[PDB]
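Participant: What shape does this take:
(5 chains, ligands or ions: 13)
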Amino acid sequence: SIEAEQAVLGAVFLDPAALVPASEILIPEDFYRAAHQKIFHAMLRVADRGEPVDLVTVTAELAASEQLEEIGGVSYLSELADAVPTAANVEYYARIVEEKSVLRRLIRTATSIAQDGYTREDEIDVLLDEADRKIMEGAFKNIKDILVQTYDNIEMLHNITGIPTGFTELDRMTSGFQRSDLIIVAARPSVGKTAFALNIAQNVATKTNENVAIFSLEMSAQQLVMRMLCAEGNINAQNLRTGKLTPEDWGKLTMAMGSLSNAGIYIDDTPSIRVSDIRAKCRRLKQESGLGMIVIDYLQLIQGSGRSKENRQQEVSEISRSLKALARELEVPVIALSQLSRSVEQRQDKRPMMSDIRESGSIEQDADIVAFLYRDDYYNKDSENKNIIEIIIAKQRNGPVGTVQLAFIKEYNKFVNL
Amino acid sequence: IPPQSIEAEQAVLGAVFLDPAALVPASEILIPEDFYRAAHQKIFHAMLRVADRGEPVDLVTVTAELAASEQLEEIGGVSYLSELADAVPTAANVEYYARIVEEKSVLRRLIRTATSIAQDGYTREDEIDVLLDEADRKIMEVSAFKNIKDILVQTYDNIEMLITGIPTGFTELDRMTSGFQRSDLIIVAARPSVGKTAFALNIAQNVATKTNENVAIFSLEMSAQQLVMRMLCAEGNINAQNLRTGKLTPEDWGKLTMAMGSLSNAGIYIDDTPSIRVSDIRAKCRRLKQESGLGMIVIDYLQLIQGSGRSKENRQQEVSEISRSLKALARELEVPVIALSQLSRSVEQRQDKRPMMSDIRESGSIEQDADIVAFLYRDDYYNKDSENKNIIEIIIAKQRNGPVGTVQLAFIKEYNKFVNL
Amino acid sequence: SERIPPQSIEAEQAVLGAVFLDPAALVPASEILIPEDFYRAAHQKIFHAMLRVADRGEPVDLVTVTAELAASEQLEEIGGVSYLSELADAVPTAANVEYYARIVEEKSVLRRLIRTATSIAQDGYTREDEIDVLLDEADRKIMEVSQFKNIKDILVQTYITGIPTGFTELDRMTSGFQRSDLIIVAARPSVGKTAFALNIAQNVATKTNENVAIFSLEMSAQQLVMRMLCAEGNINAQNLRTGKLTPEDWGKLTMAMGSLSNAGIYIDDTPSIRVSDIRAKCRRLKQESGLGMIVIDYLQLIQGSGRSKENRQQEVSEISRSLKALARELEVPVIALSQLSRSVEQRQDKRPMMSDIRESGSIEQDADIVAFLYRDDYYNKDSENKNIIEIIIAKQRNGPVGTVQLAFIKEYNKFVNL
Amino acid sequence: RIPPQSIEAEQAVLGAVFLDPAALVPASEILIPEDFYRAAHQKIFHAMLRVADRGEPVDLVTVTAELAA
DNA sequence: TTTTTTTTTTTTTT
Ligand SMILES: Nc1nc2c(ncn2[C@@H]2O[C@H](COP(=O)(O)OP(=O)(O)O)[C@@H](O)[C@H]2O)c(=O)[nH]1
Ligand SMILES: Nc1nc2c(ncn2[C@@H]2O[C@H](COP(=O)(O)OP(=O)(O)O)[C@@H](O)[C@H]2O)c(=O)[nH]1
Ligand SMILES: Nc1nc2c(ncn2[C@@H]2O[C@H](COP(=O)(O)OP(=O)(O)O)[C@@H](O)[C@H]2O)c(=O)[nH]1
Ligand code: ALF
Ligand code: ALF
Ligand code: ALF
Ligand SMILES: [Ca+2]
Ligand SMILES: [Ca+2]
Ligand SMILES: [Ca+2]
Ligand SMILES: [Ca+2]
Ligand SMILES: [Ca+2]
Ligand SMILES: [Ca+2]
Ligand SMILES: [Ca+2]
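Facilitator: Numbering: from 1, shown residues only, chains lettered A, B, ... in the order given. Ligands and ions are numbered 1, 2, ... in the order given. Please find the structure below.
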């Protein structure tokens, strides 16, 4: 019942534009306390002039009828003022007062049905109709309303929609890397999964102004940064990891480090996290700096929430769910790297299909987009055109399916446009 | 002073000791609990207990039965059973008095459920909507074998009626099916990104816009905003890529302006809460039917629905249960329910990748429960080069209305649209 | 504590009775029983005399039998002629001696088992001498509680007991549909389970005079009756569905309705019942009208008695027990429809085996008889000989196992003989 | 043999929530209800989070409404 | 106990 009542009346003496929502939601009778009934009435009575509604005009109106003394003094009206947490959410106190009102209305009509049960033992069918009728006395989104928001959204379309990867052909096909999408990038071992993900992270963090979080469960932060340096500056990786650098390499490195500093890429290399942990960390980074992308080096390495070490297919089924839900909650694209089962290798056409994604089919199902990497030179030692690598876009429910081509200069840990 | 024709109660019991073929109407009309007097309750029970042997029912066998339990002394003596015999002269219109006893029974049942509603009003101040629902539901509940003579009549009168059928607007499918029938569970299953939602959305539109019926859509994967954008594209033939960029041609805006027009008076109710239980779905639909009337329910994706508490059970059982609940919902609301389903990868392993019933993902009970199972298959989903691209099979693997078979449609993907051929 | 050697000397009397009533009933009786099978010393002697007189053959009536009993010292030992007179009045008809003889025989086997088991335990303490040969005797002595055609038997020379289903070939193999049997009809989804059950129900309810109760947990009564109408009159279901009936179809329907009225088939379509509920309802219908068959539209759809939501395999294990016991109590065949697990669709041969019965192995084990339905055209779109359907009788402890063929004209919801 | 606890500090957390209540964000990033020692605080901080998931949001009124619920 | 989905070593399918 009470106290929420006081919070409503209180907010009115505080605002008083708060009377509008209050009265849309409540009539004086909804209040339980006799006194509040009278006060809220007076408030509306003064609003009809309209005065408007403050601690003075209200007591003037309550004295204008015999009522000012009946409701406690001016001193009770004064207490009401001092008795609300925040003027802003009257809506939520009003709705308590309203819900309590409905409860006793229910109780009252139910008791009067029982009451009538003993009396009008005369005509059973019309009594059961009355009971039906006496007890009756949207949670769906309406389409009219959505159409407007969907229109106004298409409107905001002067000037990729889209966090841009910097790979022209993929961006044309995809237009980002959209907020709330789960993007799966899967391919056989040592084909280029991480390399590809890191390259995307760089071009996002350096070319745009957005922050990107990378969770690396297999490699160290060190190794990651060293891959980005090489790619940023075209420094040969073998040289870099030996310290055997040419005089111009030292130049390239100096530049690479420069641009990667103002880059804002946050790396977490804890080898065992649950999705909950990931969520927590991202939630906090977005809190204080804003987030744009999340990259995860590698979905089946993530570890389960307690359900006991369940049918492993279910365990990852669940991780899959959690990731999509995380992308949805943070309104941010989530790129999850995935492995593939050996099935693909048994074939002639070594290009992967969705079925191939390792460990659980739910991953195909949950993803907003599924990208495979295929390299002819991964299988052919002699292969004509070496550095070419297919980005097979096997799934997307934005739009088009298809294959895109890039060059993967491995010596530089780098993917490039053609 | 509870409602009781303790005069009429005696008249019934009396007639049984007098006839006793009079026990047949009596029991068709009453159960022991309908009697107000504790004693009569016990006697009428004994009467039926003896009838189940059957003895049959006279003043002797009844007292033998009452003594066989601790009860003969509790109900008055043999001398009370003797009075019951003499209370009414003849045993003809028992039907009369039985119906008084019954009517009084209903009255106190009503009073009792009304008082317990009021009672609960003060206690469970926790969840208002599910409480008000109980009152609604508890008051209706104050309303053995169906005889075939009677059904035959209703059925003849029903056949006297002449798509039967909520029409999908896909001619060949509608010929095979004739709607989309009230109370049916329709499963639409197919591999990922094949066209499940697309198909279901297309059906929802053609129902909501071509007919006058309301349709509820529960989307657990996509947002309402994405759903409507699919329908817009399909309604007006606007290329989806253009639409999501805002990169619209001058005639595209024309197409969009009309699409929006027709979809307004469409009356399609969308709920995109990503986790619901079937109970929740039921509740929402019940209410929408209440005040506006419902025609169809569409659920994007059955295995995404979540279980009622039974603990995180053998997952196969958990969906087994969801399956039943859905059919039972379709049954209760007298409305076709279209549940989208995923498929296990088993089909992928096969030579020809047209699905069979076994392929439905996660629990075999879905094949079983369904009134009708529809698979979608696309040659161009597997062949990059495939001859005749836009063709898509609607394999009707199951229906207990009638015929099984395959139907062909075109799925112009650029327009999020299925079309007739 | 008090251990009473198992016997039914009601059923004993019913057998001897039927012989004085028929007496062609002595043929089944003796195929099933030897004199020693009877528990009561007196019956032993009587049934012996009956066979003694049949070997002349006299044949066997109340006179000749007393003549034979007096011919030995025995007529006074077995009660008087007055006891032989009571045996006659035991049963209304010499209908189904086969039934009661098989009870007497089954009880006989039980005590033979008990007796050999106790004598094995007995010998366990005594002959502590030769362990391995004691185990051989035990093996062998337990088999001998059970009692390969010879070449001569096979030279009879070159060149219904029973509620009748109306399917000749099935009835030959089965002879009803026997009182107290649990008959399991299982098959994959949409194969023909319900259709087949309904067809049986009609032919029983219309051709015979017996009442049949059908519990439908999946389909409405309305849909059931519409299936029967189509099958009774050969009206195309689609036409009937739509109301799009030809002028002669109306004739066919008018007929079908006629005969189905005096049919007496009681339908209960409550979607959730416990077996107790089923029992209750049937007990009452038998009370006032008599019952012949119970059909249940599906066993795993029935719901459990409180034991908490137990290991589901046990829950149905229990339902299974309850049903057999209900069939036993009401002395009436119970046809329970069952689903099958998907494991059959793995096999290159899709004919079910007992193992395939879905959810609990106890069903194989409780059933008196297990029937599978198999359709080639269910799997082959093009299949040669379409409307053919195998009725695989995989289990029956009456007698013969084997397959029977029928046609299942689906357009007519109808099974037909060939 | 008296369990490490700091009720003063527990109260100070719950207090700050009723005062701010954007203070619930840091609080829940750091704590779950079970971290609190006093049975009562456990329940209160739970309710606070329970109301935040709607989100109401969290003040002295809505909290007592949830606790009475 | 059972039903379901996954990966990966064997044999034998004209
Ligand atoms: N030739 C050469 N190749 C390299 C060097 N460093 C990395 N790579 C190549 O880049 C690939 C890295 O693959 P990666 O993305 O880490 O594998 P994934 O995460 O499983 O997809 C490896 O297969 C290497 O062949 C280098 O110094 N020289
Ligand atoms: N070519 C093309 N296809 C599209 C476009 N937008 C959506 N689609 C396709 O439509 C399909 C969506 O299928 P959907 O029903 O959502 O997947 P399901 O629910 O798992 O069956 C996918 O195959 C997409 O590639 C587009 O702009 N162009
Ligand atoms: N051609 C045709 N076939 C039908 C028609 N009605 C039903 N059927 C088929 O007959 C069968 C009857 O369903 P049923 O097998 O009893 O369900 P069950 O309990 O799973 O076995 C189904 O296989 C339907 O396809 C009809 O009107 N026309
Ligand atoms: F070898 Al990897 F992701 F680094 F498969
Ligand atoms: F693309 Al899906 F369920 F596989 F919407
Ligand atoms: F299709 Al069914 F029991 F109705 F297998
Ligand atoms: Ca990697
Ligand atoms: Ca979908
Ligand atoms: Ca079928
Ligand atoms: Ca069935
Ligand atoms: Ca058992
Ligand atoms: Ca098995
Ligand atoms: Ca038996």
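Participant: only C-alpha atoms for contact and neighbour calcs from this point on.
Facilitator: OK.
Participant: Can you tell me how far the spatially most central residue of chain D is from ligand 5?
Facilitator: With the centre of chain D defined as its mean C-alpha position, the nearest residue by CA atoms, centre = their mean is residue D:45, 2.5 Å away. From residue D:45 over to ligand 5 the distance is 38 Å, taken as CA to the nearest ligand atom, to the nearest Å.
Participant: Isn't that residue up against residue D:15?
Facilitator: No. Using CA atoms under 8 Å, residue D:45 is not in contact with residue D:15, being 10.6 Å away.
Participant: neighbours around residue A:377, how many?
Facilitator: 16 (other CA atoms under 10 Å in any protein chain shown).
Participant: Run a quick neighbour tally on residue 43.
Facilitator: Picking chain A for this. Counted with other CA under 10 Å, the burial measure for residue A:43 works out to 26 neighbours.
Participant: actually chain D
Facilitator: Around residue D:43 there are 14 other residues, counting by other CA under 10 Å.
Participant: Apart from its chain neighbours, what residue comes closest to it?
Facilitator: Leaving out its chain neighbours, the residue that sits closest to residue D:43 by CA to CA, 6 or more residues apart in numbering or on different chains is residue D:33, at 7.2 Å.
Participant: what's the answer for residue A:418, then?
Facilitator: Distances taken as CA to CA, 6+ apart put residue A:406 closest to residue A:418, at 6.0 Å, once the chain neighbours are dropped.
Participant: give me the element that neighbour is part of.
Facilitator: The secondary structure element spanning residue A:406 is strand A:402-409 (assigned by DSSP states H and E).
Participant: Just want to check the distance between residue D:30 and residue D:63.
Facilitator: In this view, residue D:30 and residue D:63 are 20 Å apart by CA to CA, to the nearest Å.
Participant: before we move on, the earlier item: which residues does the residue nearest to residue D:43 contact?
Facilitator: D:41-43, D:45-46 (CA atoms under 8 Å, 6 or more residues apart in numbering or on different chains).
Participant: try 6 Å
Facilitator: For residue D:33, the contact set (CA atoms under 6 Å, 6 or more residues apart in numbering or on different chains) comprises D:42, D:45-46.
Participant: The helix or strand containing residue A:183 packs against which elements?
Facilitator: Secondary-structure assignment from DSSP H and E places residue A:183 in strand A:182-186. If contacts are counted by 3 or more CA pairs under 6 Å, 6 or more residues apart in numbering or on different chains; DSSP states H and E, strand A:182-186 sits against strand A:334-338, strand A:369-374.
Participant: Name every strand pairing with it and say which way it goes.
Facilitator: Partners of strand A:182-186 in the sheet, by DSSP bridges, are strand A:334-338 (parallel), strand A:369-374 (parallel).
Participant: Any residue of the shortest one touching ligand 4?
Facilitator: Going back to what we said before, that points to strand A:334-338. No. Using CA under 6 Å from any ligand atom, no contact is recorded between strand A:334-338 and ligand 4, whose separation bottoms out at 7.6 Å.
Participant: ok, now the last one?
Facilitator: No. When contact is scored as CA under 6 Å from any ligand atom, no part of strand A:369-374 falls within range of ligand 4; the minimum is 11.8 Å.
Participant: what angle sits between that strand and strand A:402-409?
Facilitator: Relative orientation of strand A:369-374 and strand A:402-409, computed by axes from the mean of the first three to the mean of the last three CA atoms, to 10 degrees: 50 degrees.
Participant: Can you give the contact residues for the very next helix or strand once past strand A:369-374?
Facilitator: Sequence order places helix A:376-379 as the next helix or strand after strand A:369-374, per DSSP H and E. The set of residues external to helix A:376-379 that reach it, using CA under 6 Å, 6+ apart, is A:383, A:386.
Participant: Check the offset of helix A:376-379 from the chain's centre.
Facilitator: How far helix A:376-379 lies from its chain's middle: 39 Å, per CA atoms, centre = their mean, to the nearest Å.
Participant: buried ones in that helix?
Facilitator: Residues A:376-378 are the ones in helix A:376-379 that count as buried (16 or more other CA atoms under 10 Å in any protein chain shown).
Participant: got it, and stretch A:134-150?
Facilitator: Applying a neighbour-count criterion of 16+ other CA under 10 Å, the buried positions in stretch A:134-150 are A:134-135, A:140, A:142-144, A:146-147, A:150.
Participant: For ligand 1, what's the nearest residue on chain D?
Facilitator: residue D:29 (32.2 Å; CA to the nearest ligand atom).
Participant: Go ahead and list the helix or strand containing that residue.
Facilitator: When elements are defined using DSSP H and E, residue D:29 is found to belong to helix D:24-30.
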